[PDB]
J.: 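Would you mind keeping the following structure in view while I ask a few things?
When a ligand or atom number is given, it counts from 1 through the structure's own listing order. The residues of the chain are indexed from 1 along the displayed sequence. What you see below is based on every heavy atom in this structure, not just the backbone, and it leaves out hydrogens, waters and symmetry mates.
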Amino acid sequence: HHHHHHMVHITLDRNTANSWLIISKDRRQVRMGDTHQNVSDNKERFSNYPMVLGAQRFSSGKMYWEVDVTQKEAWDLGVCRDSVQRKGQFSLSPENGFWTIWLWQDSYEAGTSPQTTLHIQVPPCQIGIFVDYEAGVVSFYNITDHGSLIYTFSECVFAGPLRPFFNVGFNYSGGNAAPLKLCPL
Ligand SMILES: CS(=O)(=O)NCCc1ccccc1
């Protein structure tokens, strides 16, 4: 892929974070805390899962960013509508306003309904996310494996502004404490 030149500087929006998340000073890293992080509740915060949004909103154009997932056992990444549900239980699907992939229990899957098995030969340490708003495309790239394609959502019906979407995953195992990091341009 030659999408690198649509690179955008993403920062995390503290106000949207689940109350257990710890976002770094530079708003470029997020990890699961071992307790509630002493913030007030608000209607924006994801309540049921360790999720957070990027601050940036996209309604046109081509955008690209990269995320470090080194030594995590579980995470979700992609984009979502600004209007997605924040409270209660829900599935990650385009019908609910999400265009995502994930790692869970040693397999990679795309967040279709039902989910799609991904075929990755080289476990990624960094993921590239490309959005073409006008074309209705969200693509995922394996930066560890020379930028190889992971998955393309096409015919996307965004139906609103998009925000970068992150889930650091649960850390029930003690093996998933590591952060998600936005990688430099
Ligand atoms: C073992 S743990 O640290 O990952 N426990 C997390 C508890 C939690 C439940 C729902 C949403 C956010 C956090």
J.: So, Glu109 versus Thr116: side-chain donor-acceptor pair below 3.5 Å or not?
T.: no
J.: Which atom names give the shortest non-hydrogen contact between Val52 and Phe46, and what distance separates them?
T.: N-CD1, 4.2 Å
J.: Please give me the minimum heavy-atom distance between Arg81 and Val157, naming the atom from each residue.
T.: NH2-O, 3.0 Å
J.: Put together the list of close N/O pairs, under 3.5 Å, between ligand 1 and the protein, could you?
T.:
unit_1   : atom_1 : unit_2 : atom_2 : d
ligand 1 : 4 (O)  : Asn171 : N      : 2.6

J.: Between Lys87 and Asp41, does any side-chain N to carboxylate O distance fall below 4.0 Å?
T.: yes
J.: Is the closest side-chain donor-acceptor distance between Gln126 and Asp68 under 3.5 Å?
T.: yes
J.: Please check if any side-chain donor atom of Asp76 sits under 3.5 Å from a side-chain acceptor atom of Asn167, or the reverse.
T.: yes
